[PDB]
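Content type PDB, C-alpha atoms, from the file coords_21.pdb:
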```
ATOM      1  CA  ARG E   1    -124.209 131.263-156.041
ATOM      2  CA  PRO E   2    -124.211 131.373-152.237
ATOM      3  CA  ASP E   3    -125.309 128.178-150.508
ATOM      4  CA  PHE E   4    -127.894 130.016-148.431
ATOM      5  CA  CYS E   5    -129.609 130.306-151.841
ATOM      6  CA  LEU E   6    -130.207 126.556-151.622
ATOM      7  CA  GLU E   7    -132.191 126.946-148.395
ATOM      8  CA  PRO E   8    -135.983 126.574-148.566
ATOM      9  CA  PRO E   9    -137.977 129.678-147.715
ATOM     10  CA  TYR E  10    -138.740 130.414-144.081
ATOM     11  CA  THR E  11    -141.873 132.320-143.074
ATOM     12  CA  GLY E  12    -140.815 132.460-139.454
ATOM     13  CA  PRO E  13    -142.882 132.588-136.268
ATOM     14  CA  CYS E  14    -144.277 136.087-136.678
ATOM     15  CA  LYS E  15    -147.771 136.916-137.922
ATOM     16  CA  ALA E  16    -147.373 139.447-140.756
ATOM     17  CA  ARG E  17    -148.163 138.110-144.232
ATOM     18  CA  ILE E  18    -145.629 139.954-146.364
ATOM     19  CA  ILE E  19    -144.481 138.973-149.849
ATOM     20  CA  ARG E  20    -140.764 138.180-150.042
ATOM     21  CA  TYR E  21    -138.591 136.595-152.717
ATOM     22  CA  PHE E  22    -136.540 133.388-152.398
ATOM     23  CA  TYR E  23    -134.375 131.595-154.956
ATOM     24  CA  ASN E  24    -135.673 128.187-156.048
ATOM     25  CA  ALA E  25    -132.564 126.259-157.142
ATOM     26  CA  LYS E  26    -134.898 123.590-158.549
ATOM     27  CA  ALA E  27    -137.015 125.960-160.625
ATOM     28  CA  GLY E  28    -133.962 128.094-161.423
ATOM     29  CA  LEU E  29    -135.517 131.461-160.565
ATOM     30  CA  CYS E  30    -136.660 133.431-157.557
ATOM     31  CA  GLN E  31    -140.276 132.949-156.481
ATOM     32  CA  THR E  32    -142.589 134.557-153.909
ATOM     33  CA  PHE E  33    -143.322 133.317-150.414
ATOM     34  CA  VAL E  34    -145.113 134.691-147.331
ATOM     35  CA  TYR E  35    -142.752 136.200-144.749
ATOM     36  CA  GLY E  36    -143.980 136.574-141.214
ATOM     37  CA  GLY E  37    -141.997 139.694-140.332
ATOM     38  CA  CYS E  38    -139.261 138.405-138.004
ATOM     39  CA  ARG E  39    -136.279 136.015-137.915
ATOM     40  CA  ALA E  40    -135.578 136.067-141.653
ATOM     41  CA  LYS E  41    -133.089 133.591-143.064
ATOM     42  CA  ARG E  42    -130.784 134.767-145.844
ATOM     43  CA  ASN E  43    -132.758 133.350-148.788
ATOM     44  CA  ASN E  44    -135.317 136.135-148.297
ATOM     45  CA  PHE E  45    -135.383 139.340-150.359
ATOM     46  CA  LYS E  46    -137.511 142.471-150.182
ATOM     47  CA  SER E  47    -136.645 143.189-153.849
ATOM     48  CA  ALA E  48    -136.738 140.562-156.617
ATOM     49  CA  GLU E  49    -133.836 142.372-158.282
ATOM     50  CA  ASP E  50    -131.713 141.562-155.227
ATOM     51  CA  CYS E  51    -132.731 137.891-155.135
ATOM     52  CA  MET E  52    -131.979 137.355-158.823
ATOM     53  CA  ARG E  53    -128.653 139.157-158.654
ATOM     54  CA  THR E  54    -127.497 137.654-155.363
ATOM     55  CA  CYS E  55    -128.649 134.088-156.089
ATOM     56  CA  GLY E  56    -129.375 133.839-159.801
ATOM     57  CA  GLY E  57    -127.117 133.064-162.734
TER
ATOM     58  CA  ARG N   1    -149.322 137.064-176.601
ATOM     59  CA  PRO N   2    -147.957 134.116-174.608
ATOM     60  CA  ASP N   3    -150.336 131.173-174.052
ATOM     61  CA  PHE N   4    -150.162 131.700-170.291
ATOM     62  CA  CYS N   5    -152.161 134.878-170.696
ATOM     63  CA  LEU N   6    -155.218 132.777-171.598
ATOM     64  CA  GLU N   7    -155.224 130.993-168.207
ATOM     65  CA  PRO N   8    -157.600 132.142-165.436
ATOM     66  CA  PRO N   9    -156.043 133.873-162.442
ATOM     67  CA  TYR N  10    -154.651 131.584-159.741
ATOM     68  CA  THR N  11    -154.740 132.547-156.060
ATOM     69  CA  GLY N  12    -152.752 129.604-154.853
ATOM     70  CA  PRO N  13    -152.644 127.906-151.451
ATOM     71  CA  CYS N  14    -150.957 130.630-149.401
ATOM     72  CA  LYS N  15    -152.938 132.894-147.104
ATOM     73  CA  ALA N  16    -151.767 136.445-147.846
ATOM     74  CA  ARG N  17    -154.185 138.822-149.618
ATOM     75  CA  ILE N  18    -152.128 140.694-152.193
ATOM     76  CA  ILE N  19    -153.454 142.499-155.248
ATOM     77  CA  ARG N  20    -151.955 141.235-158.510
ATOM     78  CA  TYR N  21    -153.042 141.801-162.121
ATOM     79  CA  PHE N  22    -154.090 139.106-164.609
ATOM     80  CA  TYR N  23    -154.933 139.384-168.286
ATOM     81  CA  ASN N  24    -158.625 138.740-168.996
ATOM     82  CA  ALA N  25    -158.491 137.454-172.595
ATOM     83  CA  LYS N  26    -162.263 137.487-172.921
ATOM     84  CA  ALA N  27    -162.462 141.140-171.867
ATOM     85  CA  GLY N  28    -159.239 141.905-173.688
ATOM     86  CA  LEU N  29    -157.688 143.625-170.727
ATOM     87  CA  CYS N  30    -155.908 143.277-167.398
ATOM     88  CA  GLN N  31    -157.866 143.108-164.158
ATOM     89  CA  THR N  32    -157.093 142.663-160.463
ATOM     90  CA  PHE N  33    -157.328 139.471-158.394
ATOM     91  CA  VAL N  34    -156.192 138.428-154.892
ATOM     92  CA  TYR N  35    -152.971 136.412-154.892
ATOM     93  CA  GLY N  36    -152.150 134.284-151.849
ATOM     94  CA  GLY N  37    -148.375 134.632-151.826
ATOM     95  CA  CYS N  38    -146.943 131.434-153.322
ATOM     96  CA  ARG N  39    -147.060 129.148-156.373
ATOM     97  CA  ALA N  40    -147.997 131.856-158.871
ATOM     98  CA  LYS N  41    -148.812 130.845-162.423
ATOM     99  CA  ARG N  42    -147.520 133.186-165.087
ATOM    100  CA  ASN N  43    -150.707 135.209-165.633
ATOM    101  CA  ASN N  44    -149.890 137.199-162.545
ATOM    102  CA  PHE N  45    -148.369 140.677-162.470
ATOM    103  CA  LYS N  46    -147.349 143.051-159.702
ATOM    104  CA  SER N  47    -147.481 145.872-162.272
ATOM    105  CA  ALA N  48    -150.530 146.439-164.504
ATOM    106  CA  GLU N  49    -148.167 148.047-167.014
ATOM    107  CA  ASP N  50    -146.316 144.741-167.306
ATOM    108  CA  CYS N  51    -149.582 142.815-167.587
ATOM    109  CA  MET N  52    -150.954 144.878-170.472
ATOM    110  CA  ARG N  53    -147.659 144.845-172.339
ATOM    111  CA  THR N  54    -146.791 141.185-171.800
ATOM    112  CA  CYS N  55    -150.256 139.891-172.697
ATOM    113  CA  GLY N  56    -151.257 142.834-174.880
TER
ATOM    114  CA  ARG O   1    -167.033 164.383-165.024
ATOM    115  CA  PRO O   2    -167.761 160.837-166.253
ATOM    116  CA  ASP O   3    -171.057 159.415-165.070
ATOM    117  CA  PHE O   4    -169.333 156.474-163.342
ATOM    118  CA  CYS O   5    -167.956 159.038-160.900
ATOM    119  CA  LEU O   6    -171.474 159.384-159.501
ATOM    120  CA  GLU O   7    -171.679 155.734-158.538
ATOM    121  CA  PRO O   8    -171.272 154.747-154.900
ATOM    122  CA  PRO O   9    -168.051 152.898-154.071
ATOM    123  CA  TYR O  10    -168.011 149.126-154.618
ATOM    124  CA  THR O  11    -165.944 146.924-152.294
ATOM    125  CA  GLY O  12    -166.798 143.850-154.357
ATOM    126  CA  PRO O  13    -166.846 140.202-153.301
ATOM    127  CA  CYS O  14    -163.176 139.443-152.745
ATOM    128  CA  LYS O  15    -161.529 139.328-149.313
ATOM    129  CA  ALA O  16    -158.608 141.786-149.389
ATOM    130  CA  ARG O  17    -158.544 145.099-147.484
ATOM    131  CA  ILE O  18    -156.973 147.413-150.096
ATOM    132  CA  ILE O  19    -157.326 151.196-149.745
ATOM    133  CA  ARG O  20    -158.727 152.903-152.877
ATOM    134  CA  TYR O  21    -160.179 156.312-153.759
ATOM    135  CA  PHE O  22    -163.720 156.994-154.986
ATOM    136  CA  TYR O  23    -165.005 160.410-156.045
ATOM    137  CA  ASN O  24    -167.741 161.588-153.671
ATOM    138  CA  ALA O  25    -169.991 163.868-155.696
ATOM    139  CA  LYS O  26    -171.959 164.981-152.630
ATOM    140  CA  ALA O  27    -168.767 166.097-150.943
ATOM    141  CA  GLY O  28    -166.980 167.457-154.010
ATOM    142  CA  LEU O  29    -163.871 165.364-153.441
ATOM    143  CA  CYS O  30    -162.234 161.963-153.519
ATOM    144  CA  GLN O  31    -162.254 159.827-150.402
ATOM    145  CA  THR O  32    -160.967 156.422-149.348
ATOM    146  CA  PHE O  33    -162.853 153.152-149.212
ATOM    147  CA  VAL O  34    -161.844 149.523-148.714
ATOM    148  CA  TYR O  35    -161.592 147.534-151.964
ATOM    149  CA  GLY O  36    -161.897 143.744-152.016
ATOM    150  CA  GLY O  37    -159.238 142.963-154.632
ATOM    151  CA  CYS O  38    -161.568 141.987-157.447
ATOM    152  CA  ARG O  39    -164.366 143.037-159.782
ATOM    153  CA  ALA O  40    -163.920 146.774-159.273
ATOM    154  CA  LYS O  41    -166.393 149.328-160.609
ATOM    155  CA  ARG O  42    -164.943 152.424-162.309
ATOM    156  CA  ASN O  43    -165.228 154.852-159.383
ATOM    157  CA  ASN O  44    -162.146 153.156-157.982
ATOM    158  CA  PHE O  45    -158.684 154.689-158.074
ATOM    159  CA  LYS O  46    -155.351 153.399-156.816
ATOM    160  CA  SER O  47    -154.128 157.015-156.980
ATOM    161  CA  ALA O  48    -156.002 160.045-155.620
ATOM    162  CA  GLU O  49    -154.392 162.272-158.224
ATOM    163  CA  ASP O  50    -156.073 160.048-160.825
ATOM    164  CA  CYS O  51    -159.361 160.162-158.949
ATOM    165  CA  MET O  52    -159.604 163.940-158.878
ATOM    166  CA  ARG O  53    -158.305 164.608-162.374
ATOM    167  CA  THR O  54    -160.711 161.976-163.744
ATOM    168  CA  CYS O  55    -163.727 162.677-161.521
ATOM    169  CA  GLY O  56    -163.193 165.969-159.692
TER
ATOM    170  CA  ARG X   1    -151.589 175.656-136.838
ATOM    171  CA  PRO X   2    -154.863 174.449-138.354
ATOM    172  CA  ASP X   3    -157.344 173.798-135.569
ATOM    173  CA  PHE X   4    -158.022 170.269-136.847
ATOM    174  CA  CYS X   5    -154.434 169.515-135.848
ATOM    175  CA  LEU X   6    -155.714 169.448-132.233
ATOM    176  CA  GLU X   7    -158.316 166.727-132.872
ATOM    177  CA  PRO X   8    -157.568 163.199-131.673
ATOM    178  CA  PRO X   9    -156.913 160.648-134.405
ATOM    179  CA  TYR X  10    -159.968 158.955-135.895
ATOM    180  CA  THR X  11    -159.697 155.261-136.811
ATOM    181  CA  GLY X  12    -163.196 155.224-138.235
ATOM    182  CA  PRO X  13    -165.647 152.415-138.858
ATOM    183  CA  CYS X  14    -163.882 150.511-141.622
ATOM    184  CA  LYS X  15    -161.739 147.470-140.808
ATOM    185  CA  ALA X  16    -158.501 147.879-142.735
ATOM    186  CA  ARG X  17    -155.361 148.501-140.684
ATOM    187  CA  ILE X  18    -153.541 151.338-142.423
ATOM    188  CA  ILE X  19    -150.675 153.321-140.937
ATOM    189  CA  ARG X  20    -151.422 157.061-140.962
ATOM    190  CA  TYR X  21    -149.900 160.105-139.275
ATOM    191  CA  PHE X  22    -151.717 162.526-136.971
ATOM    192  CA  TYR X  23    -150.379 165.525-135.112
ATOM    193  CA  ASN X  24    -150.047 165.183-131.335
ATOM    194  CA  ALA X  25    -150.513 168.486-129.522
ATOM    195  CA  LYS X  26    -149.282 167.127-126.182
ATOM    196  CA  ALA X  27    -146.189 165.605-127.705
ATOM    197  CA  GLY X  28    -145.748 168.443-130.184
ATOM    198  CA  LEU X  29    -145.319 166.206-133.202
ATOM    199  CA  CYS X  30    -146.784 163.724-135.635
ATOM    200  CA  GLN X  31    -147.091 160.074-134.602
ATOM    201  CA  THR X  32    -148.452 156.946-136.244
ATOM    202  CA  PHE X  33    -151.971 155.601-135.825
ATOM    203  CA  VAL X  34    -154.147 152.889-137.314
ATOM    204  CA  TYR X  35    -156.701 154.143-139.882
ATOM    205  CA  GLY X  36    -159.558 151.826-140.820
ATOM    206  CA  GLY X  37    -159.978 152.902-144.447
ATOM    207  CA  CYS X  38    -162.978 155.260-144.515
ATOM    208  CA  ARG X  39    -164.323 158.471-143.036
ATOM    209  CA  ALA X  40    -160.991 160.100-142.314
ATOM    210  CA  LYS X  41    -161.024 163.348-140.363
ATOM    211  CA  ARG X  42    -158.350 165.879-141.306
ATOM    212  CA  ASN X  43    -155.746 165.129-138.614
ATOM    213  CA  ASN X  44    -154.763 162.187-140.781
ATOM    214  CA  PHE X  45    -151.905 162.101-143.276
ATOM    215  CA  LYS X  46    -150.483 159.512-145.643
ATOM    216  CA  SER X  47    -147.222 161.442-145.457
ATOM    217  CA  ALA X  48    -145.319 162.290-142.289
ATOM    218  CA  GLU X  49    -143.717 165.169-144.179
ATOM    219  CA  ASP X  50    -147.233 166.388-144.972
ATOM    220  CA  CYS X  51    -148.321 165.951-141.341
ATOM    221  CA  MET X  52    -145.331 167.817-139.877
ATOM    222  CA  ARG X  53    -145.562 170.683-142.346
ATOM    223  CA  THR X  54    -149.325 171.092-142.032
ATOM    224  CA  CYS X  55    -149.583 170.850-138.273
ATOM    225  CA  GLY X  56    -146.188 171.664-136.732
TER
ATOM    226  CA  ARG M   1    -124.477 155.159-131.139
ATOM    227  CA  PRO M   2    -127.662 156.506-129.515
ATOM    228  CA  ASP M   3    -128.747 154.798-126.328
ATOM    229  CA  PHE M   4    -132.199 153.962-127.752
ATOM    230  CA  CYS M   5    -130.459 151.645-130.202
ATOM    231  CA  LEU M   6    -129.964 149.269-127.268
ATOM    232  CA  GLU M   7    -133.668 149.002-126.490
ATOM    233  CA  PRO M   8    -135.595 145.895-127.607
ATOM    234  CA  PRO M   9    -138.114 146.336-130.387
ATOM    235  CA  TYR M  10    -141.621 147.348-129.305
ATOM    236  CA  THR M  11    -144.620 146.110-131.231
ATOM    237  CA  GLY M  12    -146.961 148.258-129.184
ATOM    238  CA  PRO M  13    -150.646 147.645-128.511
ATOM    239  CA  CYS M  14    -152.273 148.460-131.852
ATOM    240  CA  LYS M  15    -153.436 145.843-134.274
ATOM    241  CA  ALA M  16    -151.601 146.524-137.540
ATOM    242  CA  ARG M  17    -149.093 143.962-138.894
ATOM    243  CA  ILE M  18    -146.445 146.274-140.307
ATOM    244  CA  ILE M  19    -142.785 145.587-140.878
ATOM    245  CA  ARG M  20    -140.360 147.948-139.210
ATOM    246  CA  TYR M  21    -136.638 147.788-138.500
ATOM    247  CA  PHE M  22    -134.843 147.729-135.176
ATOM    248  CA  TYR M  23    -131.142 147.832-134.469
ATOM    249  CA  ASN M  24    -130.031 144.525-132.954
ATOM    250  CA  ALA M  25    -126.994 145.561-130.937
ATOM    251  CA  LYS M  26    -126.315 141.991-129.852
ATOM    252  CA  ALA M  27    -126.263 141.047-133.554
ATOM    253  CA  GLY M  28    -124.607 144.084-135.137
ATOM    254  CA  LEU M  29    -127.287 145.014-137.621
ATOM    255  CA  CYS M  30    -130.918 146.009-138.017
ATOM    256  CA  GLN M  31    -133.578 143.324-138.260
ATOM    257  CA  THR M  32    -137.316 143.206-138.901
ATOM    258  CA  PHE M  33    -140.104 143.066-136.334
ATOM    259  CA  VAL M  34    -143.892 143.492-136.514
ATOM    260  CA  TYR M  35    -145.008 146.968-135.409
ATOM    261  CA  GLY M  36    -148.651 147.189-134.286
ATOM    262  CA  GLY M  37    -149.164 150.675-135.681
ATOM    263  CA  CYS M  38    -149.062 152.997-132.686
ATOM    264  CA  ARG M  39    -146.889 154.024-129.751
ATOM    265  CA  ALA M  40    -143.510 153.418-131.369
ATOM    266  CA  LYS M  41    -140.378 153.564-129.238
ATOM    267  CA  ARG M  42    -137.343 155.103-130.902
ATOM    268  CA  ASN M  43    -135.661 151.873-131.961
ATOM    269  CA  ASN M  44    -138.145 151.627-134.807
ATOM    270  CA  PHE M  45    -137.423 152.554-138.411
ATOM    271  CA  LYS M  46    -139.584 152.599-141.471
ATOM    272  CA  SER M  47    -136.347 152.574-143.523
ATOM    273  CA  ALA M  48    -133.457 150.122-143.094
ATOM    274  CA  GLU M  49    -131.112 152.787-144.458
ATOM    275  CA  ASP M  50    -132.115 155.060-141.530
ATOM    276  CA  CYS M  51    -131.820 152.277-138.973
ATOM    277  CA  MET M  52    -128.262 151.280-139.840
ATOM    278  CA  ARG M  53    -127.332 154.950-140.219
ATOM    279  CA  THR M  54    -128.881 156.034-136.933
ATOM    280  CA  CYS M  55    -127.845 152.975-134.959
ATOM    281  CA  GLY M  56    -124.963 151.269-136.726
TER
END
```
Take the structure in the file and give it back as structure tokens.
Amino acid sequence: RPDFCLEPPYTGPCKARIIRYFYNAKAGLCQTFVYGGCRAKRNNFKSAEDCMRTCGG
Amino acid sequence: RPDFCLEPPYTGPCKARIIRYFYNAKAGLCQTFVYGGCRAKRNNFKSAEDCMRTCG
Amino acid sequence: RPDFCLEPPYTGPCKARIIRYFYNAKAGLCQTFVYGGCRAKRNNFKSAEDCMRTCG
Amino acid sequence: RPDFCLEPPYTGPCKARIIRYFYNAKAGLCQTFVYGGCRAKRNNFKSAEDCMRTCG
Amino acid sequence: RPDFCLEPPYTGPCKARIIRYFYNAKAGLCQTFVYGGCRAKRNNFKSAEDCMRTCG
């Protein structure tokens, strides 16, 4: 798995409150977090399929 | 059904206001609740279809 | 049309601002209202197709 | 074009913040606006394809 | 690539909190920004496919 997958989730400085997915290396699966709408880091997925596939396994 | 289906819905500490479905085991069916965006428990579904099937 | 279709739309006590459809008997058609995210009443449709077929 | 296509967009009294399309006469095309959730007038579409076909 | 791809994203004056995409020329791809719901400039895409197609 990519090492960005080990990064904690980042809401960012913007004000939206949008559901995104992030991989939790600890839990071993992707989980939800609130994304603010700008400045996403890479452990941030619009689709849970993507997060699982990119970071899971 | 899994045991998690018997647990009351859990909004969590985040501040978004998203509709999710939870299984109401008293009523025998899935209903909506407001989820906050993080730290979901398992009786929480984005799709009512999945809720009814999983906890059905 | 089911009798619940005659009921006025029910936002409910939760805090979300979700758009839903409610059949408006007076008007002869389904219209939008803001739903709270919990404790819906039956004149409450996520899909307007569903609202008209069920209530129209 | 339907005459309602000429009407300015109507946010309405409810307090959701929904993106909708309306047709702009001046501009000659559909643009986005913020719909509040209730009391829509007709120059108001969920679909931009619907807006453009109906009013353009 | 179209000149408008070089313009900075424009939230506009309305009060919605909606995610849209803008081409970031300096960065080489499209990113997200919060769109207020009205008065879009052209470097604003509802679809990221469309953004990278139009502007990449």
After a least-squares superposition on chain N over all sequentially paired C-alpha atoms, what is chain X as an mmCIF file with C-alpha atoms, in the coordinates of the input?
```cif
data_model
loop_
_atom_site.group_PDB
_atom_site.id
_atom_site.type_symbol
_atom_site.label_atom_id
_atom_site.label_comp_id
_atom_site.auth_asym_id
_atom_site.auth_seq_id
_atom_site.Cartn_x
_atom_site.Cartn_y
_atom_site.Cartn_z
ATOM 1 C CA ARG X 1 -149.683 136.931 -176.981
ATOM 2 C CA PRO X 2 -148.023 134.424 -174.651
ATOM 3 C CA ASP X 3 -150.304 131.430 -174.236
ATOM 4 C CA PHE X 4 -150.157 131.704 -170.435
ATOM 5 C CA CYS X 5 -152.053 134.968 -170.872
ATOM 6 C CA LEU X 6 -155.148 132.798 -171.521
ATOM 7 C CA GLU X 7 -154.934 130.942 -168.190
ATOM 8 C CA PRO X 8 -157.357 131.909 -165.427
ATOM 9 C CA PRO X 9 -155.816 133.677 -162.444
ATOM 10 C CA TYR X 10 -154.385 131.450 -159.722
ATOM 11 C CA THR X 11 -154.818 132.556 -156.096
ATOM 12 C CA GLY X 12 -152.810 129.619 -154.825
ATOM 13 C CA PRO X 13 -152.669 127.916 -151.453
ATOM 14 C CA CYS X 14 -151.109 130.641 -149.328
ATOM 15 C CA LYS X 15 -153.298 132.956 -147.243
ATOM 16 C CA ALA X 16 -152.042 136.479 -147.855
ATOM 17 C CA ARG X 17 -154.361 138.812 -149.760
ATOM 18 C CA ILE X 18 -152.187 140.542 -152.342
ATOM 19 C CA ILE X 19 -153.480 142.543 -155.288
ATOM 20 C CA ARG X 20 -152.069 141.229 -158.579
ATOM 21 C CA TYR X 21 -152.924 141.727 -162.246
ATOM 22 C CA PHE X 22 -153.880 138.990 -164.710
ATOM 23 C CA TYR X 23 -154.871 139.275 -168.340
ATOM 24 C CA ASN X 24 -158.533 138.638 -169.163
ATOM 25 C CA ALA X 25 -159.017 137.171 -172.632
ATOM 26 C CA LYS X 26 -162.794 137.671 -172.602
ATOM 27 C CA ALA X 27 -162.519 141.264 -171.498
ATOM 28 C CA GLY X 28 -159.384 141.881 -173.544
ATOM 29 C CA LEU X 29 -157.430 143.459 -170.719
ATOM 30 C CA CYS X 30 -155.712 143.123 -167.378
ATOM 31 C CA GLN X 31 -157.810 143.152 -164.202
ATOM 32 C CA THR X 32 -157.056 142.809 -160.508
ATOM 33 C CA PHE X 33 -157.176 139.575 -158.535
ATOM 34 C CA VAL X 34 -156.261 138.349 -155.076
ATOM 35 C CA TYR X 35 -152.963 136.404 -154.909
ATOM 36 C CA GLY X 36 -152.287 134.319 -151.809
ATOM 37 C CA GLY X 37 -148.503 134.713 -151.689
ATOM 38 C CA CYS X 38 -147.053 131.496 -153.144
ATOM 39 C CA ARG X 39 -147.082 129.300 -156.223
ATOM 40 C CA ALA X 40 -147.882 132.005 -158.736
ATOM 41 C CA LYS X 41 -148.599 130.922 -162.296
ATOM 42 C CA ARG X 42 -147.433 133.300 -165.022
ATOM 43 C CA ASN X 43 -150.689 135.177 -165.704
ATOM 44 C CA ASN X 44 -149.864 137.170 -162.595
ATOM 45 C CA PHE X 45 -148.171 140.565 -162.497
ATOM 46 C CA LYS X 46 -147.133 142.970 -159.765
ATOM 47 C CA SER X 47 -147.325 145.702 -162.390
ATOM 48 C CA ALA X 48 -150.349 146.525 -164.524
ATOM 49 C CA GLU X 49 -147.979 148.081 -167.051
ATOM 50 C CA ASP X 50 -146.133 144.754 -167.120
ATOM 51 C CA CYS X 51 -149.405 142.823 -167.475
ATOM 52 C CA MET X 52 -150.741 144.967 -170.336
ATOM 53 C CA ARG X 53 -147.471 144.938 -172.250
ATOM 54 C CA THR X 54 -146.864 141.214 -171.819
ATOM 55 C CA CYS X 55 -150.357 140.005 -172.590
ATOM 56 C CA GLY X 56 -152.194 142.685 -174.591
#
```
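In terms of minimum interatomic distance to chain O, N:33 ranks closest within N:4, N:45, N:33, N:22, counting all atoms listed in the file.
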Let me know the residues the ChimeraX specification (/X :<7) & /M catches in the file above, as number ranges by chain.
M: 16, 37-38
Would you mind exporting the chosen residues as a PDB file, in the frame of the given file, restricted to C-alpha atoms?
```pdb
ATOM      1  CA  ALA M  16    -151.601 146.524-137.540  1.00  0.00           C
ATOM      2  CA  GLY M  37    -149.164 150.675-135.681  1.00  0.00           C
ATOM      3  CA  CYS M  38    -149.062 152.997-132.686  1.00  0.00           C
TER       4      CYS M  38
END
```
Could you spell out the hits of the PyMOL selection byres ((chain E and resi 43) around 7) on the shown file, as a ChimeraX atom specification?
/E:4-5,7,9,22-23,41-42,44-45
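CA of residue 14 (chain X) sits 4.6 Å away from CA of residue 36 (chain X).
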CA of residue 49 (chain X) and CA of residue 52 (chain M) are how many Å apart?
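Atom-to-atom, CA of residue 49 (chain X) to CA of residue 52 (chain M), that is 21.2 Å.
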I'd like the interatomic distance between CA of residue 10 (chain N) and CA of residue 13 (chain E), to a tenth of an Å.
26.3 Å
Once the PyMOL selection byres ((chain N and resi 25) around 12) has been applied to the shown file, what residues remain in the selection, as number ranges by chain?
N: 1-9, 22-24, 26-31, 43, 51-52, 55-56
Write a file of the just-selected residues containing C-alpha atoms, as a short mmCIF file (atom, residue, chain, number, x, y, z; two decimals), in the coordinates of the input.
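Listed below is the output, part_7.cif:
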```
data_model
loop_
_atom_site.label_atom_id
_atom_site.label_comp_id
_atom_site.auth_asym_id
_atom_site.auth_seq_id
_atom_site.Cartn_x
_atom_site.Cartn_y
_atom_site.Cartn_z
CA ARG N 1 -149.32 137.06 -176.60
CA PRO N 2 -147.96 134.12 -174.61
CA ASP N 3 -150.34 131.17 -174.05
CA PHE N 4 -150.16 131.70 -170.29
CA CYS N 5 -152.16 134.88 -170.70
CA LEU N 6 -155.22 132.78 -171.60
CA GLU N 7 -155.22 130.99 -168.21
CA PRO N 8 -157.60 132.14 -165.44
CA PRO N 9 -156.04 133.87 -162.44
CA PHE N 22 -154.09 139.11 -164.61
CA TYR N 23 -154.93 139.38 -168.29
CA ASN N 24 -158.62 138.74 -169.00
CA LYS N 26 -162.26 137.49 -172.92
CA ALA N 27 -162.46 141.14 -171.87
CA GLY N 28 -159.24 141.90 -173.69
CA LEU N 29 -157.69 143.62 -170.73
CA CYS N 30 -155.91 143.28 -167.40
CA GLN N 31 -157.87 143.11 -164.16
CA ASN N 43 -150.71 135.21 -165.63
CA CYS N 51 -149.58 142.82 -167.59
CA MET N 52 -150.95 144.88 -170.47
CA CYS N 55 -150.26 139.89 -172.70
CA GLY N 56 -151.26 142.83 -174.88
#
```
Which is closer to chain M than all the others in E:46, E:39, E:20, E:1, using all atoms listed in the file?
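Closest to chain M, using all atoms listed in the file: E:39.
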Counting all atoms listed in the file, which residues in chain E sit no more than 6 Å from chain M? For each one, give the nearest pair of atoms and the distance in Å, sorted by chain then residue number, as JSON lines.
```
{"residue": "E:16", "atom": "CA", "partner": "M:17", "partner_atom": "CA", "distance": 5.2}
{"residue": "E:37", "atom": "CA", "partner": "M:33", "partner_atom": "CA", "distance": 5.6}
{"residue": "E:38", "atom": "CA", "partner": "M:33", "partner_atom": "CA", "distance": 5.0}
```
Please produce region 6-13 of chain M, completed to N, CA, C and O atoms, as a PDB file, in the frame of the given file.
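Listing of selection.pdb after writing:
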```
ATOM      1  N   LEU M   6    -130.151 150.440-128.120  1.00  0.00           N
ATOM      2  CA  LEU M   6    -129.964 149.269-127.268  1.00  0.00           C
ATOM      3  C   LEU M   6    -131.294 148.757-126.746  1.00  0.00           C
ATOM      4  O   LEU M   6    -131.378 147.710-126.108  1.00  0.00           O
ATOM      5  N   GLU M   7    -132.381 149.494-126.992  1.00  0.00           N
ATOM      6  CA  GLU M   7    -133.668 149.002-126.490  1.00  0.00           C
ATOM      7  C   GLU M   7    -134.260 147.921-127.386  1.00  0.00           C
ATOM      8  O   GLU M   7    -134.104 147.974-128.604  1.00  0.00           O
ATOM      9  N   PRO M   8    -134.937 146.932-126.811  1.00  0.00           N
ATOM     10  CA  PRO M   8    -135.595 145.895-127.607  1.00  0.00           C
ATOM     11  C   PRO M   8    -136.773 146.452-128.395  1.00  0.00           C
ATOM     12  O   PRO M   8    -137.420 147.440-128.070  1.00  0.00           O
ATOM     13  N   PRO M   9    -137.096 145.786-129.490  1.00  0.00           N
ATOM     14  CA  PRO M   9    -138.114 146.336-130.387  1.00  0.00           C
ATOM     15  C   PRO M   9    -139.445 146.334-129.647  1.00  0.00           C
ATOM     16  O   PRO M   9    -139.583 145.475-128.779  1.00  0.00           O
ATOM     17  N   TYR M  10    -140.337 147.245-129.989  1.00  0.00           N
ATOM     18  CA  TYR M  10    -141.621 147.348-129.305  1.00  0.00           C
ATOM     19  C   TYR M  10    -142.746 147.427-130.333  1.00  0.00           C
ATOM     20  O   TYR M  10    -142.948 148.419-131.028  1.00  0.00           O
ATOM     21  N   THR M  11    -143.466 146.317-130.378  1.00  0.00           N
ATOM     22  CA  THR M  11    -144.620 146.110-131.231  1.00  0.00           C
ATOM     23  C   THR M  11    -145.743 147.075-130.922  1.00  0.00           C
ATOM     24  O   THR M  11    -146.464 147.519-131.814  1.00  0.00           O
ATOM     25  N   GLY M  12    -145.890 147.394-129.633  1.00  0.00           N
ATOM     26  CA  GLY M  12    -146.961 148.258-129.184  1.00  0.00           C
ATOM     27  C   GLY M  12    -148.312 147.571-129.186  1.00  0.00           C
ATOM     28  O   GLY M  12    -148.471 146.420-129.576  1.00  0.00           O
ATOM     29  N   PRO M  13    -149.341 148.274-128.730  1.00  0.00           N
ATOM     30  CA  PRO M  13    -150.646 147.645-128.511  1.00  0.00           C
ATOM     31  C   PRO M  13    -151.612 147.736-129.674  1.00  0.00           C
ATOM     32  O   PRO M  13    -152.711 147.177-129.580  1.00  0.00           O
TER      33      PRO M  13
END
```
